Each structure stands twice: as structure tokens, then as C-alpha cells.
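Residue numbers (the numbering used here), protein chains in the order written: chain A, 77 to 462; chain B, 228 to 284; chain C, 618 to 671; chain D, -13 to 111; chain E, -13 to 111; chain F, 172 to 395.
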Amino acid sequence: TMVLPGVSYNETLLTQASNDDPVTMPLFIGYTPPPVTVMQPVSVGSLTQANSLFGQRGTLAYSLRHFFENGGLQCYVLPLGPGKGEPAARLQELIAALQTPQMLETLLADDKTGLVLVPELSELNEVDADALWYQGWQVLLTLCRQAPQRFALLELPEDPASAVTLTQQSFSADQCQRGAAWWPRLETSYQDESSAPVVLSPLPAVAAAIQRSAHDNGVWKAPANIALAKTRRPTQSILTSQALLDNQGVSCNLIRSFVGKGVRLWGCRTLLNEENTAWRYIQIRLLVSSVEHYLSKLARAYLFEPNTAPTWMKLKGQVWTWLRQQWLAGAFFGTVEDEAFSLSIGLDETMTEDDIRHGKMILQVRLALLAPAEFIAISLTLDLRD
Amino acid sequence: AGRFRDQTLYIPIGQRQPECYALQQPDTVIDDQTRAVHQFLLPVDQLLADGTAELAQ
Amino acid sequence: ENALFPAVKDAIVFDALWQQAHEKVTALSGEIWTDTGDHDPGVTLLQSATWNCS
Amino acid sequence: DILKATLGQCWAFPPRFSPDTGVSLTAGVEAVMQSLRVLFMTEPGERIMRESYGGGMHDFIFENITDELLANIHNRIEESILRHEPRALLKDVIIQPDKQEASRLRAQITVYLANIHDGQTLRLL
Amino acid sequence: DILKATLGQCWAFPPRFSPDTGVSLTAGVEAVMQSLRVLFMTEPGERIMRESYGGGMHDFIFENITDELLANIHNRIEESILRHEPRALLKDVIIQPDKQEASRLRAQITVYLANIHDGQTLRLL
Amino acid sequence: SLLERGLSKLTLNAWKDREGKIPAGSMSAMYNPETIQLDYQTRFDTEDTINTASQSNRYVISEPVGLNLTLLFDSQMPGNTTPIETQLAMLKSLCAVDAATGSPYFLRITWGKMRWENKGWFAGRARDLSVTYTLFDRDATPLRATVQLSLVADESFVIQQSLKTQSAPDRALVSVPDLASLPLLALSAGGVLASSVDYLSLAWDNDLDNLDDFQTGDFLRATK
């Protein structure tokens, strides 16, 4: 009478809680779509939550739809405000907002994400464009250098000799180490409210391929050889623009399409164009920072302990156990343990008595990592035999 | 009543071929013998195109 | 649809055309162009031209 | 001369054309080696109406040399010589990473044209 | 346009009639979702000469969320999509009690149109 | 788990017809089996062909999935007050020939979260049953049972027809990728239907103009 218990119908979202994986968590830093707080990062769960917060049409809204339809697990969005309009002015207030010291108080006091991404620098293609591109990268490459474990996801402009002049620009070695560019911008299958297709940056498709091939295969594998789901084609192929093959700038990653298989990510190699330093190869930078994230989790468990020799060996025994299990899981190179990793805490091994009295506890880890199979050098031998 | 499902589309033989011979960019990277098969395929391409051209007239 | 397609569907489907071309080159040459596998280049060129003819 | 007769004659894999000599032709034992470069440089789907034909080595390009990979390369080579080139057996295929400038896998494929070593006991304990 | 062709056209579930436009019609992918609201809002016996047709969710209305219930809801949904709606697969159905103002079961039914996660070892002991 | 810690027993529902229209009795059995077992088996026969080109073996019939399951009843412990003959008057009845029609009862075994062969229930009829009473009383009320059930697969015809239309329902609706071709689009349409869809029929059914008409994102309908 008072109540009628029965079967209803509604489209509310139940949601899911905590996907962890802080190292491969993307962070989208576009402008708010036209009641989230103007600065705090917002946990976006499924694609239903991305529409219930941010609508369906925009620039950040299509990048979230292209994130979860490429196999993304969870994303965070850092809003910035209801931007102006006249998009040559939104896109120099975007860079000016990212240079504020209030960006550092939100990225350093975050500890939930690990892939910095601004997908709205793709709008610079419409639009000095070169000046805006270089202080678009270099602002992102310093927010990650400063932060303990963040990786930038960058992109090149479509026009060659504007993407050539960006790679032939000065970036310090410390900064290159942590950030990557994928060149060909993606033509999606989303309508633009008319017959014409929506062209998005490749980077929401990349950040979904990074954290699903780190969830499925492990973060040590590679982010490449991944079929991009809901893309028609990359807007430009490498057979029509032989620029960017000039070996005089930062390493770039190519997104291509094949015949028997679709649009593939076809590279994993950081902005370091150095042949011997193993801080190229994205999965090397993301594996060793996934070991930073856990070994510093059990290090600060033994933090406000005495500096006596028992607590040094309580810490080696826990780190040696964990590193041996990851070697037997396939994460490190080496057919014996002596060439896979090493630990060396001690009083006259790493520390000294002056280091102990200042309250330090210094532990050394050496690692041996795996190399990709980027080139297959087939040979044929006849072997006559009568 | 008419329909007009007609065309002007033609696909040359050289891009039927797999990606170890050609489709390399024009007169920049090929080396005067990878252009020799371009000229080998030119009369065959236009003899295949004349059927399309006569068909559309 | 006066269209010829159910009438000629067993003559334009690239296996009939390829065996007509393959027997033709087997007849014209035949002790000069002896290997006809899918690994000779001229075989691939001719069968691609056959696909465009179909 | 008889190897040129029994093993067929066909064109060269980079098609070289001249007005003096019409088509350059590889024959005999060189024709079997020419077909093996065709197989592993082709990829399945790249030949129209022949989609089975291909080596398929683009499956292994970002795959971590971890020795699950080197067994997959050994089986893909051995199978594709069975299916598409039964004119040449297989002896052994040895795959090594390049020691200088790594992340290059080098495979030596040895073909044919188609005892327990008792001496080691005198050099052990 | 082809989804409107392959998936049939039918009327809307609340019958909306106008003198300007005769009957409002749901077509294509929206027609499959319209039929799924019909199935779980119907109850077996409520359609004359069609007594098999119904979702049957009135069986579960005073039943204590104790997780014997949530398996019975999962099987009643999965079976009734098999029997009465084979135009749409089933992906997963997730049932949660409502945290604010409890004694409401919320089921999200996800359909289709019709690997062991190795990364977790680096975040465990 | 995830809400509470009460047990979920197994329930043996019975019908009379192949479908679920006519319900017979339905019991839930205490003291869960500890172990189930469902055995699949497929019979093959070797081709003794004279031509000796190939070695192969045909597919003849797939034997029905059989389920083995062992129960136990007991009524003398002071929580157990229902006599076990009232609980065995249903297993002996439902796993035997019914008086109405002269057939078995088309049982359906179910457990709270256990998913049988690919469904949430296990249909079928009882091949075997053996009760072996081991303890008694002075007047011999039994009060210890040890039942040894064994069933077969036998699903209904409406469920088996519904699972067939969920795989290749005689239309494909194949999307085209970038850098596509009709021999590849026929292999991707011949895998949705498993019927070798012979590319010249694709360009005729979809009104293609020149065998390369699709443009990287449009769909092609393939029937049979």
C-alpha cells in the first residue's frame, strides 16, 4: 500500500573499485568539457562514467571513448576549467596553465598515476605553431623529470618539416629518457555529427595499449605490435613522407597499418637516440620504475628502524626474495641468479660511518634486462651434400 | 530509369605486389632498376586500363 | 537486371583465368620458364594482372 | 647442368630487365635459394588470391628474446618450409642475438637439397 | 544504416501515437535493447497464449541478498536471454546491493551484438 | 562469498516433459558431495582407405556428458531430525520410471555458483542410483544412507536450438579494415559463417562496382 516492491529499470552506474597499477595509469589533462572540482584528479571507471561526467562530444570526451574502446582499464582526468573558445587562445592558455607551480603541487601530491598525457595539443595542427609545439613538449618533459615516476606521452605534428624541426630541437638527456612521441594522428570511426570522421591523437589509444599489455603480459614486454581497435587509418603513411627518417633527432614511434592485420603500433623506443644507453625501449623505463615502486614500498616499511646491522639484513632478505621471484617469472635476463640481479647493503660496502650517523641506509640493486626482437636478420645456407 | 553504378577507379599492378619490391616513393629512393619494373608494368597497366576506359564510354 | 553474372560466373573468377594464363605460358615458353611456383616473380606479376583482368 | 634441369628455371627475385638480355633468370640450385628469400620476405595476405603464402616473421618483432621466442621462430621456419617449399629440406636453424648492437635476432637457416659421441669420456672426470 | 537493415524494425515499447507521425518505431541496435526491457518487465503468464515469455524476476523480491540469491539472478537472466532473445549474447551481469538506501539490488546486464594476467606478479610478495 | 557465509546446498529439480512446462517434485540434498565429476567422450573411427595417401579418422558420435556424484544422509545427530527415508523417498522416486507416462523424469542438478558444462544447470536423466544403508536402529529406521548418483546430459530442444543460432546465424556483417581486399574479406566472412563464401558472391550481393569498392570502415553483408 505504502510501498510497492517490484522490478524497476534505471541507468545508474554501479562502478568498480581500485585497479592499482599506478605506474601505467594515464592522466588526461585537457580542459573540462563544455560538477568536478577545478583541479583535483577524478577517477574515471568504465566508459559509462566517462559519459556521465564529461558528456559524449568534445575533445577530451572522444579521447576517453577511444581509451576504453581500445581496452583501457582505468583512467584519471585532471580538469583545468571551462576554457575560452577561439581555439588559438585556448591552446596558449593550456601551456600557460601547465607552467604554474600549482601543477607541481597536484602531480607530486598525487601518487595514483604514472602516465602524463595532454591530448589537446593535437589541436595545434589546425593552428607560431613551432614555438607552441616546443614549449608544449618541454613543459610536459619537466613535470615528469621532477615527479618521482611519471612518463610523458607526446606527439608530433602531422606536417613534415614541422615535425622535423621539433625533433631537431634541444632536449636534455635527463628529460628525453622519460617521454615518447607517436607520429601519425589517428582517423577514428566516430562521426563528427555529420558524414565526416573524427580525427584524434594516437595517445589515448597508446595509453590503453600500454596498460593492457602491462596487465596481461607484464610491463616488461613491449607496448608495440598492438592492433588499434576503432581506427580507420593513420592519416599519413611513411611511404609518402620520407622525412622523419633523418637520423639527426629524437627517436619517434610509427603507427602503421598492414594488409592481413589492422592498424598496429610499430615502435617502442624513447626520445633518447643513443645506441648504447639502455634508457630507450619504453618497457625498460617502465619496468625499472615498476621495481622502484615496489622496492620503495617495502623499504619504507623498514624506515624508522635502527641503523644496526640486523635491520640492514632484514631488508636484504626481503628484497632478495622478491627479486628472485621476478627473475623466475621471466622479467629479468640471465640463466643464473648471479647474472640476473645483485644486492649489496652493508657498512663498508655502500655506507660509511659518516653516512650512518646522518641516518642513511643505502642499498644497491643491479639488474639485467631483456632486449626486444626489433630486427630479424634471416640467412640461408645451401649445404651441398653430394 | 537509370542507375549509374559506374566508376573511374583503377588499381595498378605494382600495388597489388607485396611490400618487398616497390611502392617506394617516387624517384627518390629507387635506383633505376626498381624503375625498370615500373616501365615493365606500364604497357600492361594501360592495356588493363583501356578496358575500364572503353567501359566508361 | 539483364546482367550476365549468373551466366558468366564460372568464367571470371580468377581460377579459370589463371589456368588459362598458366597453360598459355606453359605452351609458349616451357623450356625457358620452367619453374612456376608462387615464388617466381613473373608468376606473381602475371597472376596480379590476372586479378585485374578478372 | 643436370641440377639446372631437375630444379626448375624461373625469374630473379629483384626483377632485372635489360634491352640486351630480356629477363634475368635464376636456375637450378640458385633457384631454390631464390625461392627461400621470397618466402620469408613475403607475409600472409600480401599476395592476392594466395593468402596462405608467407613466412610470417612479422609476428615476432616486439617479443623479448626470452627463449620462448626462439622456439616459436624455429617452428615457424620449419612449418613454412614444409607447406610452401618442399624442394628443400631443413638441416638446422640457429638463432642468436647480435652481441654488438643487440636487439637483432640473427637466424642461419641451413637446408638440404632434397651416434653418441664416445670421445668425450676421455676429457671429463 | 545496415544495422537498421539486419536488425529488424518494430514499435517502441511505450506505444506513442501521434496524428502527424503514425507509430513511433525503434530500429536496429535500439530495437534489441527495446526487446530486452520487454523481456525483464514481462512475467510468465501475463501474455495470453504466450506463457513461456517472461523474465521472471518477481521470484526474487523477498529473498535476502545472501549470495544464494545473486547466483539465482545470474542464471535466470542468462537462461531467459537464451530462450527468448538469441539476437543478443551475454557478456556479464553484475549485481550489487545499493549502498545508500539498501534493499535495492542493482543489476547491470551487458550483452554483445551477436589469458592469466602476468603483470600482477610484480605487485605481490 | 562477498556478502555472507551461509552454505548453498544442491537442488535436484524434476520435470516430466523434455522442457520445463510440467514440474514434478524437487528436493534439495544436505551434505554436499565433496567431489563432482563430469566425463566427456567423443568416438572416432579410423579411415582404412586403400589409397594410402593420408592417415585420418572420422567423427562418429559424441557420447553424452555423464555426471558422477555421491551423497550421504544421516539422522541421529541431534541437529538432524528429519528421518532419511523421507529424503530418500524422493531420490528413489525421481530417479525411476514415472507412473504417469512410463519414462524417467528429466532431472536438473544445480549448485549456487558452480557453472556446469557451459550453463548454470545440468539437465539430463538418471542412468544409475545405488543406496547402501549401513547403520540401523532397534526397529530399524535406517538413519545412514550413502547414495551414489550418476546422470547423463540430455538437454531440451529449445535450449540446444538457441545455442546454435548464437554461432553463425547465417549473416555475417563484416567490417572492412584499412588495406583490405576481397579474398581477405571472404576469409574473414568465411570464418563468421564457416561456409567458404567465394568472393564473387560478395561483390554481387553487396552491389560492388569494380571488386575494390569498400572504403575502410563500411560494412559488407555475407549470407551463407
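The beta-carbon is built from N, C-alpha and C at its ideal position, and this holds for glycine as well.
Where DSSP assigns a beta bridge to residue i, which residues make up the other side?
| i | result |
| --- | --- |
| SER333(A) | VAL339(A) |
| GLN94(D) | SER455(A), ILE80(D) |
| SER321(F) | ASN239(F), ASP299(F) |
| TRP186(F) | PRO194(F) |
| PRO310(A) | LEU262(A) |
| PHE46(D) | BP columns for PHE46(D) are empty, so no partner. |
| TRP(-3)(E) | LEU11(E) |
| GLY255(A) | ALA228(A) |
| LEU391(F) | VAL345(F) |
| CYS151(A) | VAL120(A) |
| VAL441(A) | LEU419(A) |
| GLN267(A) | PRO273(A) |
| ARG33(E) | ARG36(E) |
| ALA294(F) | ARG279(F) |
Assign residue i to buried or exposed, taking buried as 16 or more other Cβ atoms, counted over all protein chains shown, within 10 Å of its Cβ.
| i | result |
| --- | --- |
| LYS192(F) | exposed |
| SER66(D) | buried |
| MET43(E) | buried |
| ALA270(F) | exposed |
| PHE104(A) | buried |
| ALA644(C) | exposed |
| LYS626(C) | exposed |
| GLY336(A) | buried |
| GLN(-5)(D) | buried |
| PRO253(B) | exposed |
| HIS656(C) | buried |
| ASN101(E) | exposed |
| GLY295(F) | buried |
| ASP652(C) | buried |
| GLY229(B) | exposed |
| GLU29(D) | buried |
| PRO194(F) | exposed |
| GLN664(C) | buried |
| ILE255(F) | buried |
| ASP349(F) | buried |
| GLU71(D) | buried |
| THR107(D) | exposed |
Could you please give the first and the last residue of the uninterrupted beta strand (DSSP E) stretch that includes residue i?
| i | result |
| --- | --- |
| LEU662(C) | Here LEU662(C) belongs to no beta strand (DSSP E); instead the alpha helix (DSSP H) covers 658 to 670. |
| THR281(F) | 278 to 281 |
| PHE328(F) | No beta strand (DSSP E) contains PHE328(F), which is instead part of the alpha helix (DSSP H) from 328 to 336. |
| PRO273(A) | 273 to 276 |
How far does the alpha helix (DSSP H) with residue i in it reach, from first residue to last?
| i | result |
| --- | --- |
| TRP398(A) | 385 to 403 |
| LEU371(F) | 371 to 376 |
| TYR39(D) | Looking at the DSSP string, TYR39(D) is not in any alpha helix (DSSP H), and its letter there is neither H nor E. |
| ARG62(E) | 55 to 70 |
| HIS434(A) | Per DSSP, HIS434(A) belongs to no alpha helix (DSSP H) and is neither H nor E. |
| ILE302(A) | Here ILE302(A) belongs to no alpha helix (DSSP H), and DSSP marks it neither H nor E. |
Hey, is residue i close to the ligand GDP, as in C-beta under 7 Å from one of its heavy atoms?
| i | result |
| --- | --- |
| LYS297(A) | This structure does not include the ligand GDP; it has no bound ligands of any sort. |
For the pair the segment 86 to 97 of chain A and the segment 46 to 55 of chain E, tell me if three or more CB-CB distances fall below 8 Å. In short, these stretches do not touch, since the Cβ pair count stays below three.
Which residue spans inside the segment 163 to 249 of chain A form an unbroken beta strand (DSSP E) run of at least 3? With a minimum length of 3 residues, the continuous beta strand (DSSP E) runs that stay inside the segment 163 to 249 of chain A are 191 to 193, 227 to 231.
Threshold first: 3 residues or longer. Then list the beta strand (DSSP E) segments lying entirely within the segment 197 to 270 of chain F, N to C. The qualifying runs are 207 to 217, 228 to 240.
May I ask you to verify whether the segment 350 to 360 of chain F touches the segment 312 to 320 of chain F, counting CB pairs closer than 8 Å and requiring at least 3? Flag = no, the segment 350 to 360 of chain F and the segment 312 to 320 of chain F do not touch.
Three CB pairs or more closer than 8 Å across the segment 29 to 41 of chain D and the segment 236 to 256 of chain B: Short answer: they touch.
With three or more C-beta pairs closer than 8 Å as the rule, is the segment 66 to 84 of chain D touching the segment 359 to 376 of chain A? In this structure the segment 359 to 376 of chain A does not lie against the segment 66 to 84 of chain D, because fewer than three pairs of beta carbons, one per stretch, are closer than 8 Å.
With contact counted as at least three CB pairs below 8 Å, one residue from each stretch, are the segment 252 to 261 of chain A and the segment 317 to 337 of chain A in contact? Under the 8 Å Cβ criterion, the segment 252 to 261 of chain A counts as touching the segment 317 to 337 of chain A, having at least three qualifying pairs.
Using 8 Å as the cut-off, can you tell me whether the segment 316 to 326 of chain A makes contact with the segment 184 to 192 of chain A, which would need three or more C-beta pairs spanning the two stretches below that distance? Not touching, per the Cβ criterion.
Is it true that the segment 435 to 446 of chain A meets the segment 409 to 423 of chain A, where meeting means three or more beta-carbon pairs spaced less than 8 Å apart? Yes, the segment 435 to 446 of chain A touches the segment 409 to 423 of chain A.
Can you list, in chain order, the stretches of the beta strand (DSSP E) that have 3 or more residues and sit fully within the segment 77 to 139 of chain A? Within the segment 77 to 139 of chain A, the complete beta strand (DSSP E) segments of 3 residues or longer fall at 102 to 104, 118 to 120, listed in chain order.
Completely contained alpha helix (DSSP H) runs for the segment 345 to 380 of chain A, where each covers 4 or more residues: Listed in chain order, they are 358 to 375.
When the Cβ atoms of the segment 271 to 278 of chain F are set against those of the segment 222 to 242 of chain F, are three or more pairs found closer than 8 Å? In short, these stretches do not touch, since the Cβ pair count stays below three.
Are at least three pairs of beta-carbons, each pair with one atom in the segment 306 to 321 of chain A and one in the segment 363 to 379 of chain A, less than 8 Å apart? Touching, no, given that fewer than three Cβ pairs across the two stretches are closer than 8 Å.
Decide if the segment 98 to 107 of chain E is in contact with the segment 278 to 296 of chain A; the criterion is three or more beta carbon pairs, one per stretch, under 8 Å apart. Contact between the segment 98 to 107 of chain E and the segment 278 to 296 of chain A is present, because at least three Cβ pairs lie under 8 Å.
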